[PDB]
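Laboratory data are not the source of any read-out in this text; all were calculated from the coordinates shown. Virtual Cβ from ideal backbone geometry, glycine too; neighbours counted across all protein chains shown.
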Amino acid sequence: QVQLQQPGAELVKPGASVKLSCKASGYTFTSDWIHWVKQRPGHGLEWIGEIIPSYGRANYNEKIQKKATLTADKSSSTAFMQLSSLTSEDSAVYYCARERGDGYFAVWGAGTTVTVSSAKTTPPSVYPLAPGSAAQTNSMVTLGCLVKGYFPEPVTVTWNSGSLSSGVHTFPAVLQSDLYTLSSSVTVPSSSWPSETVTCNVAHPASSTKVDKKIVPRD
Amino acid sequence: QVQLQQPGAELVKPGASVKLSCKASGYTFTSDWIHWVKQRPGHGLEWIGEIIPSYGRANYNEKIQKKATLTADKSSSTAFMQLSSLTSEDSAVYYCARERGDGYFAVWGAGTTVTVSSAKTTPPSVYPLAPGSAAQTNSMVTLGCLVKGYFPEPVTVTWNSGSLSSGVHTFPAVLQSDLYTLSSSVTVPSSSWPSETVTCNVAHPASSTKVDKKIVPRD
Amino acid sequence: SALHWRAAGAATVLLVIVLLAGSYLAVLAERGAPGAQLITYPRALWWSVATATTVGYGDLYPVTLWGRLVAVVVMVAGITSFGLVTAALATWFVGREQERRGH
Amino acid sequence: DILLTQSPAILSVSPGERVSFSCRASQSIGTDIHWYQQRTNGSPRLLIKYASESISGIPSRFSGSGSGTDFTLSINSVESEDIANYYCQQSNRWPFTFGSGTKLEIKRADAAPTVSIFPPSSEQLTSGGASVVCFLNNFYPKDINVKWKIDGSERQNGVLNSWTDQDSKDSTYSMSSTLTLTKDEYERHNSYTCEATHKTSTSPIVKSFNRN
Ligand code: NA
Ligand code: NA
């Protein structure tokens, strides 16, 4: 089962502060250490800190500026990271990891995609993409759905609630005028569609919105 | 309060010897170490020696020639540095520093500007500099006073006995025919001067002379 | 307050003084020798603790004669102390065994 | 003897940015290292003891990093007061040694000089000396050319120029120009002009006075 749980995304205004959460199930010893790792877009992993929940002593990376402050709630088994006075350089994915106190981080968190911008939260616009009546097909048929006009990253796109997975490409978002835009494609045998229902599931954690749209042929 | 006290300047003839002093107040433990650091004009810091006053054992930098010999008076809490057979290469600022015996030098001395030359000591000539009747002003007015014809370095220049500090430039001295020359400028709001008194304070430790001169407008 | 318990306490008290003096003396002896590591008081303190317990870490050891003489004094004092505790402990157990058999 | 190496020598940075001075030791020294700040004419000031530990009174902008051989001194939001030489000093083995040093420089916006001409004092004339002093204050960059003219004719002899290191108040530079003449030479001429040629203005910023 999934051990560590983090919020998907967090939007912060430049200069403002944010607390990040990380709860844990399974085996939760007294000797356990919860770390936090920073990863900028297209960059490597960067260790920021660590905290032992049972005592509350925290250690921080002194190589980079100490922006964070670590605290932990004992009863809920949740670790927290208080980050303040954030710039554009703070816009990154933040992971939390369980370390048994023996070096390696065995189980990792999903990651919190933090974006530092003055813009407001925008829910996505999901539109289906069915093949035109002029175009033909063979053994396989490729379908899709468009995701546009949302802020900030990311969005989770699955097909038939994740049950359909083989032959799916989710293209990276493009930013234009404070709004992202991406697409996802699915390739199924020509026989299946649309006699068998196909639906892409789009989740936007920043606006806390999840929308579904079934792919149907053009008129 | 100022912990360590050193004479401002010392003039020495080439080949002759000189003793440098360094008294200390505040916390003066038995475990304390008094060091001495050499800094040539436009050069880095250079450790010369160390001495524990309570026992009188001294250690010297063997990388450079052992020109110095360290002694200390217990009752006066003063450390001494006996330097002999000095060349032009010995012309430098000499600091004394307090080390608690744990590596770092916490509190430093003012420094003794030692000059090795055959020339005699010359008191400075202080002349005020007021704006010409032809020149105009705006919100701010810049004044000054000239210091010339003195040997050797340095000179301490303050304005209104150091009370005036914001917007003051003390330009480095220029050597010409065995005599130094420098200037210091002050920028005050046009409204203040001369309805409020402005005076530059020039101190020459080598001749043990301190002179003041109030800036007044031209006739 | 028997002799062996008085002597052990005296040895322990003495040891601490030997440690403190030993740290102080090490620094005064080592400084001057090029490459010497025992040149700061807090470092020499934990050196003394190690040395008194007959433990050596890497090349954390005096290089000078007097520094090594201090080391000898620290070592001897260390062993004497932890030998005197054993002796004091032994005296206590043998005394009770005498009571155990009604002797 | 531990050799300490501070690279690079001169370090230039934008105002409000983060900066980092590196100091490398010849061999492993643990954390036995200390940082010192020294401004113009002033004495060395302790910043960070034992690699990372901070001294009270020292700004929270200063923080130390590193162990072994690689050591770093870092400043967040670099301001005018930080312009100084920076020295690393080890305490691992006897004898104690310093680094060569690293000078901090702040690249600010361009500034025009504040030109001020000054006639020689009557007190100097009493002794029979004459000196026309001309200041160029608070300009950026430091590169500036000063021209002296007597009655419209250029003068070169007797001119002594002194430049200041970047000012710890506003991150600017200042020059002082001194034209030294004998009283007799001063008495036989009418007007004295001090010209300043800088990057900010294509036209020479001039100041002039007449002896009359
Ligand atoms: Na052993
Ligand atoms: Na060993």
**Report entry** Within the range C:39-53, considering residues that are hydroxyl-bearing (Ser, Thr, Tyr) and part of a helix (DSSP H, G or I), the one nearest to ligand 1 (Cβ to nearest atom)
**Finding:** C:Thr51
**Report entry** Criterion violated by C:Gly22 - all others in (1) more than 16 Å from ligand 1 (Cβ to nearest atom); (2) on the phi > 0 side of the Ramachandran plot; (3) of a type outside the set (A, V, I, L, M, F, W, C); (4) away from chain B (no Cβ under 12 Å) satisfied
**Finding:** (2)
Query - Boolean, D:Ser100 is closer than 18 Å to D:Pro8 by Cα, in contact with a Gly (Cβ under 8 Å, 6 or more places away or on another chain) and free of Cβ contacts under 8 Å to residues at least 60 places away in the same chain - result: no
Query raised in the report: Hey, which of the strands (runs of 3 or more DSSP E) in the range D:162-212, taking only ones fully inside, have at least 1 residues that are touching a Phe, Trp or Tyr at 6+ places or on another chain (Cβ under 9 Å) and within 9 Å of another protein chain (Cβ to nearest Cβ)?
Result: D:173-182, D:205-210
Query raised in the report: Is it the case that the range C:61-79 has a residue that's within 16 Å of ligand 2 (Cβ to nearest atom), aromatic (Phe, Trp, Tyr) and closer than 24 Å to B:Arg98 by Cα?
Result: no
**Report entry** Residue among C:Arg31, C:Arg100 that alone is of a type in the set (D, E, K, R), within 14 Å of chain B (Cβ to nearest Cβ) and out of contact with any helix residue (DSSP H, G or I) (no Cβ under 6 Å at 6 or more places or on another chain)
**Finding:** C:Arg31
Query - strands (runs of 3 or more DSSP E) fully within the range A:44-158 counting 2 or more residues that are over 19 Å from A:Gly8 (Cα atoms) - result: A:46-51, A:58-60, A:68-73, A:125-129, A:140-150
**Report entry** Some residue of the range C:32-42 being touching a residue at least 40 places away in the same chain (Cβ under 8 Å) and either within 12 Å of the chain's Cα centre (by Cα) or away from ligand 2 (no atom under 16 Å from the Cβ) (or both)
**Finding:** no
Query raised in the report: Pick from the range C:54-87 the residues that are more than 20 Å from C:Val27 (Cβ to Cβ) and within 13 Å of ligand 1 (Cβ to nearest atom): which of them is nearest to the other protein chains (Cβ to nearest Cβ)?
Result: C:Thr54
Requested in this report: Working only within the range D:112-128, note down all residues that are more than 8 Å from chain B (Cβ to nearest Cβ) and either in contact with a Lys or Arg (Cβ under 8 Å, 6 or more places away or on another chain) or without any contact (Cβ under 8 Å) to a residue 12 or more places away in the chain (or both).
Outcome: D:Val115, D:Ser122, D:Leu125, D:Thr126, D:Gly128
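Could you pull out the residue among B:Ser91, B:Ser85 that is at positive phi and more than 14 Å from chain D (Cβ to nearest Cβ)?
B:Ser85
For the structure I just gave you, tell me whether C:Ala50 is of a type in the set (A, V, I, L, M, F, W, C), more than 13 Å from chain B (Cβ to nearest Cβ), touching a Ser or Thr at 6+ places or on another chain (Cβ under 9 Å) and within 16 Å of ligand 2 (Cβ to nearest atom). First the steps, then the outcome.
Working: of a type in the set (A, V, I, L, M, F, W, C): yes; more than 13 Å from chain B (Cβ to nearest Cβ): yes; touching a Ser or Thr at 6+ places or on another chain (Cβ under 9 Å): no; within 16 Å of ligand 2 (Cβ to nearest atom): yes.
In short, no.
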Query raised in the report: Applying the selection to the range C:5-64, what residues are among the acidic types (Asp, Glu) and closer than 26 Å to B:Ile51 by Cβ?
Result: C:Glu30
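A quick yes/no check of all residues on (1) surrounded by fewer than 19 Cβ atoms within 10 Å (Cβ to Cβ); (2) more than 11 Å from every other protein chain (Cβ to nearest Cβ); (3) touching a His at 6+ places or on another chain (Cβ under 7 Å); (4) not aromatic (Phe, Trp, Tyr):
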| position | (1), (2), (3), (4) |
| --- | --- |
| B:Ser54 | yes, no, no, yes |
| B:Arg57 | yes, no, no, yes |
| B:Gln65 | yes, yes, no, yes |
| B:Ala68 | no, yes, no, yes |
| B:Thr71 | yes, yes, no, yes |
| B:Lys74 | yes, yes, no, yes |
Report task. Please specify each residue of the range B:91-113 satisfying the condition of being touching a helix residue (DSSP H, G or I) at 6+ places or on another chain (Cβ under 7 Å) and either acidic (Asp, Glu) or under 17 Å from B:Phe151 (Cβ atoms) (or both). Result -> B:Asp102
